[PDB]
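So the structure is just underneath, and the comments pick up after that.
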């Protein structure tokens, strides 16, 4: 129903920083939900692994949460007027190398559980080389 | 019980209900283009309301044409409704659009058509030609919903009066006059009203929202005006003064449905009462198995702001909880900066309340009022909803060509979608105001005749499977007419969807 | 059934029911005067709220003395509540909160409105702060964010009451969700038999206009239908231009909603949720309300000192007023926050010890007689404890009021 | 509520119920004539019982042939049942028809196959051959129904035992003996049983009353004993000892029906408990939807007097109130002076007690036992009965080929007649043992194929019209299968009779 469109992966230097962006179109007309109604999660899947919670943001931006690994380094924010979610990554280290996804849940509140999200971005590669 | 249900609710679990309630959207400057109407249909509209208290037959022909077009593009069947202007001592067309009145001021109140638009802070026009002969010096004139009262001082001329302004007020063009003394003897249908109704019958509208309905005789007059060319169009009585509340039982019996016009009601009755009045009118409508619609004052503020007040949202949710089949927007979608968004909020509110209501309570309540022995027809629909609950059916499929059966099933208020397979497009269009119902058209000419009722059943089940209602192994409930009934459906079938 | 009740409602019949819901008023510039306080009290207020987010210790001492004075003049027991400041713009008890809470305990406030309550641990920190001098004061936990709703069950077991700050909730969660959250929390409290209050966004437009909007009015009515014990005014009575008319408006809405609700649904719902060996306390209470329905009593007189019984009878939502004859004045004041209860005070020192339990009963019947509830010939349900039981009500009498 | 019903009863009002319970008559000397049988059928017999405890294949062949001829004359379908002799010790035959004993006598009990017809006060024969090897000195041997007790004193020969009589009781002939001593190794189906079962199968009986059923595995042994030719014949397990009550759940599951033999039961268990066991067994059968029959001690005094006792009448009435499907007459109809009269009394008691029962209690109690999500099959049957109640239907008409549906509708215990239209005469005959059902036969070969299921419905409606059940204007509930599936009925219609 809602579709997400990612942008912003690449290669970066240990300690550098990137900005991941996710842009949203469409609606679940059945429910009346749009990007602006839906909480957004960011997850990462490192090579060979499953896909783990990184951070999440409620529908209107009033609540966020982060895994400890990235607290103080990562910042999730959102602009509902531009239908966009952002994941700002600072002091990147080799352990953040992975593919990164945004996903949208049909709830005002976010989850750390991947199966609880309804729509996904298609994923972007982030590689931190020192 | 609601109590047990309520203590089980969670703000954190997504809801899962297929929306039962229906949304009526008024059309105007923000939503008359075909692209607009398409986004309104995508974002929840079931009926397009044409508000005839303004605009020309050209403006409304554009709406009719454009909605039939957007619908076609989308393959939907959208109801069109005509809201009558209605008997109303009215007044407007103020020079520059407006006039401001201060207390102590004196103003000319005229029934001369020469000032019909050149209405200024000194002389304006009132549409009733018998006003000088009915209001005497001393009594008042309630202008714009009892907000601006005038005290008559003299019959200045043959058809003008000089009056004393009580309170300050900003009077915009075309505001209603509400002469407190009665003996006005207002008709059921102005001469404009009548003409408009022939225009509607001529263009094929599906329902009339008849305005300011006070007695049952007047609903009958509306019917008469619609003629035989439109003996089949729904009449939805607009209850907007205390007379209509008073005679709600007669009116309900003579109408096809009811609209509760809360803000009009609010000028004659106090708000704490209007609440009660809505509970009574909706519930009577429920019991009668007639559509009832909540209208005036819904997400009003969302006409200009991107989100409503919580107060307003609870207001809508209350209408649903109370029993309403439909909610109507009026200007939120006509002149509003957020038409689609307001429709989608209505969708979210409807599903939340629906998920928040104990699914069985209304069924059990309606059933307990039913006198015994029930008719066959009544019993067929009652026990179809009952069988649904009992086998946890996921859809009821009723084959009805007029829509009666689907309305009777919706009265028993099942907890699943009702799918109506009909042979008539008018029935698709008109079912848009009946809770839980979705229609499916079988063009007999372009296919078989389906005497064995089998491709129509397939059409229904196919719809349910593609719309996510039902899957392989789910149970469904089929209600239809047998080979041998004068009319009405008397057969029911409990089927399982096959892979 | 509610459906059947609705279909026979009429907007034209005068409604006749004794207001069971309670109104809390916040005090500020428009209402601190003793005369103005008297006017609030006559026009339906039962508890005075002190907002410790603004105002000095001297300023609230002023309001405490003034309400005590105006109440004394009218012969009423009005409660006083201290609304904590909270950790606003994380801990549970700010240092300021600690000093405010001891000020309230030393000055004799009846209840705390603990702000920003998220876990049950924090409400217990508040109870610790209250100390032994405030061992018996009500802790009303204010739910104003998502952790509050998530943990509502623990918070309810630890609190004496709950308050739904719907405006505060609306900042983190969408409005339709606030609607659902309010129903959840009210009814969880209803089952728990603890008072629940609705707080923000009530008749806010009446702060400056002489009448509110119809949407506002149905929002209040919908709190009442949802099950709330009390509604609370905020700026309406503190800064507002029409404090007396808005309290009266709350009274008319409360009565109309009460008369529009079906009298037995609550009782049947609460009762059927009970487990099949009931305890004798719970049994006496439910069956009193039940007996009241079966005999159409116009009053239930309960003899509680702590008010426990009165709360328990209230949980079963009877048709008629509940008169509590108590000997502790703080119970008179705290009971103003429970639905349908009205306390009558019996001074055990100034009047002979009512060891028989018989003069308190008469006191109650006389109160019910004068208020207008009961008239010679009417039945009443009397609920108290016997000469020898372990500190709870266990017997129930059914009385026909006689000319006296 | 039964209380509410009770206090409204009147002894002076004529009853107007259609008899729903069914009557089984055993056939013997008073009734084996074709004319006698026609009179029993007119009088209300539904199943003719053959006690294979006595009688030759030539005799029972005659009973079989006569009941078919009599039914053919009356245009009826009567079920024939075969009651096994069973694994029950029997006491040879006694010369001059009788012989009496006094306590302190000494009598020989031999198993030498001789003396089988001689049988004197001094020495008589018994069925068990290893009786000399099992019952040891002092052992207690109970004859008739425990009435006589004997103590084993002497060893005598390999064939004979000398026993002390501890009585005062006169024996009648070929009586049974139930010795309490264990090491009996009771069979399930004796060689005599087996050949009798084949005779029944080969001659086409409708049902087996299996005697002395103790375990479920016994019921399976009986099933096995009927070969592919006898897979359609019902087995009704006769519960007549404490083990029978002990295993009633397994035995109900394994059987097609149960017969409560209360006399046989009273020999091992105290009366008071038999009363209770009867309530228990009957009710478990109701909940399982399988027929249950009450059989012994019915109107026994009517074998020789033209009036039963009041306690006997209440005993019958109690069985009906209790929930019994059928009541069964034994000697009263086989060797009795008043066969037609006692059948007519059974008809009268049934009607009276059915009419004093509260119409709705059983439907509600069974429905509340049902786990929710119901099967479609179960939903269809229960819902047809509740439909009948709500429309005050005068008949349910079900189209069932095996009759499974008709039994499932009867389980919900409606208050009107059930008409089952079948294409199988075996089904017409076997449904004679379920409450409220009446079969109508459709000869596929004689008429069309009724693919539409229309001729049959007509047959049913026609029948209920001629029967006196329905008139033009009344409502009927019709349950059948749709033309897209097979196996079980899943479709229902509510029809007003026209004429």
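Chains as they are written, first to last, in this note's numbering: chain F, 1 to 130; chain V, 1001 to 1499; chain E, 2001 to 2404; chain A, 3001 to 3499.
Positions of the beta carbon are idealized from the N, C-alpha and C atoms, including for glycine.
**OP:** Could you pull the start and end residues of the beta strand (DSSP E) that residue 2198 of chain E belongs to?
**Re:** 2196 to 2198
**OP:** State whether the region 2178 to 2190 of chain E contacts the region 2201 to 2218 of chain E, with contact taken as three or more CB pairs (one from each stretch) at a distance under 8 Å.
**Re:** no
Original post:
Does the beta carbon of residue 2171 of chain E sit closer than 8 Å to a beta carbon anywhere in chain B?
Top reply: Looking for chain B here will not work: the only protein chains present are F, V, E and A.
Original post:
Can you find a heavy atom of the ligand SAH that lies under 7 Å from the Cβ of residue 107 of chain F?
Top reply: Ligands in the displayed structure: none, and consequently the ligand SAH is not present.
Original post:
Counting along the chain, where does the beta strand (DSSP E) carrying residue 3005 of chain A start and finish?
Top reply: Premise fails: residue 3005 of chain A lies in the alpha helix (DSSP H), 3002 to 3007, not in any beta strand (DSSP E).
Subject >> Beta bridge counterpart(s) of residue 3079 of chain A as assigned by DSSP >> reply: A/3047
Original post:
Rounded C-beta distance between residue 2131 of chain E and residue 2109 of chain E? I'm assuming under 8 Å.
Top reply: Going by Cβ atoms, the distance from residue 2131 of chain E to residue 2109 of chain E rounds to 13 Å, so no, they are not a contact pair.
**OP:** Would you kindly report the start and end of the unbroken beta strand (DSSP E) that includes residue 1169 of chain V?
**Re:** 1169 to 1172
Subject >> The alpha helix (DSSP H) enclosing residue 1276 of chain V, as first and last residue numbers >> reply: 1271 to 1288
**OP:** Taking residue 1252 of chain V as the reference, give the member of V/1033, V/1234 and V/1269 with the closest Cα.
**Re:** V/1234
Original post:
Excluding the five sequence neighbours on either side, which residues of its own chain have a C-beta within less than 7 Å of the C-beta of residue 3069 of chain A, listed in chain order?
Top reply: 3034
**OP:** Classify residue 3326 of chain A as helix, strand or coil using the three-state DSSP reduction.
**Re:** strand
**OP:** Take residue 58 of chain F and list the residues in its own chain whose beta-carbon comes closer than 8 Å to its own, dropping the five residues that flank it on each side.
**Re:** 39, 64, 108, 109 and 110
**OP:** Confirm, please, whether the CB-CB distance from residue 1107 of chain V to residue 1088 of chain V is below 8 Å.
**Re:** no
Subject >> Separation of residue 3063 of chain A from residue 3149 of chain A, as counted between CA atoms >> reply: 36 Å
Original post:
Leaving out five residues before and five after residue 3488 of chain A in sequence, what residues of the same chain have Cβ atoms less than 8 Å from its Cβ?
Top reply: 3377, 3404, 3405 and 3481
Original post:
So which residues on chain F does residue 1043 of chain V lean against when the C-beta distance must stay under 8 Å?
Top reply: 27, 29 and 32
Subject >> Strand pairing of residue 1137 of chain V, partner residues [DSSP] >> reply: V/1139
Original post:
For residue 1319 of chain V, does the three-state DSSP call read helix, strand or coil?
Top reply: helix
**OP:** Just the chain E side, please: which residues come within less than 9 Å of residue 1362 of chain V by C-beta, in chain order?
**Re:** 2003
Original post:
When you compare only the Cα positions, how much space is there between residue 1047 of chain V and residue 48 of chain F?
Top reply: 53 Å
Original post:
Is the beta carbon of residue 1284 of chain V sitting closer than 8 Å to the one on residue 2011 of chain E?
Top reply: no
Original post:
So, does the CB of residue 1372 of chain V fall closer than 8 Å to a CB anywhere in chain A?
Top reply: yes
Original post:
Under a three-way DSSP split, which group does residue 2342 of chain E fall into?
Top reply: strand
**OP:** Please check the pair residue 1476 of chain V and residue 1393 of chain V, which I expect to be a contact at CB under 8 Å, by giving their CB distance rounded to whole angstroms.
**Re:** 6 Å
**OP:** Within its chain, find whatever has a CB closer than 7 Å to the CB of residue 12 of chain F; leave out the 5 residues flanking it on each side and keep chain order.
**Re:** 18, 92 and 128
Subject >> Pick from E/2102, E/2158, E/2103 and E/2146 that is closest to residue 2124 of chain E, judged by C-alpha positions >> reply: E/2158
**OP:** Would you decide whether residue 3411 of chain A is buried or exposed? Buried here means 16 or more other CB atoms lie within 10 Å of its CB.
**Re:** buried
**OP:** Flag this pair as yes or no: are the beta carbons of residue 1359 of chain V and residue 1209 of chain V separated by less than 8 Å?
**Re:** no
Original post:
What are the boundary residues of the beta strand (DSSP E) that residue 79 of chain F is part of?
Top reply: 74 to 79
**OP:** Within the same chain, show all residues whose beta-carbon is closer than 8 Å to that of residue 2173 of chain E, passing over the 5 residues directly before and after it, in chain order.
**Re:** 2146, 2149 and 2181
Original post:
When burial is assigned at 16 or more other CB atoms within 10 Å of the CB, is residue 2176 of chain E buried or exposed?
Top reply: buried
Original post:
How close, in whole Å, do the beta carbons of residue 3327 of chain A and residue 3021 of chain A come, if the pair is a contact with beta carbons under 8 Å?
Top reply: 7 Å
Subject >> Whole-angstrom C-beta distance between residue 2248 of chain E and residue 2056 of chain E, which should lie under 8 Å >> reply: With 8 Å as the limit, residue 2056 of chain E and residue 2248 of chain E do not qualify as a contact, their Cβ atoms being about 31 Å apart.
Original post:
Under 8 Å between C-beta atoms, does residue 3173 of chain A make it to chain V?
Top reply: no
Original post:
Are the Cβ atoms of residue 3399 of chain A and residue 3384 of chain A separated by less than 8 Å?
Top reply: no
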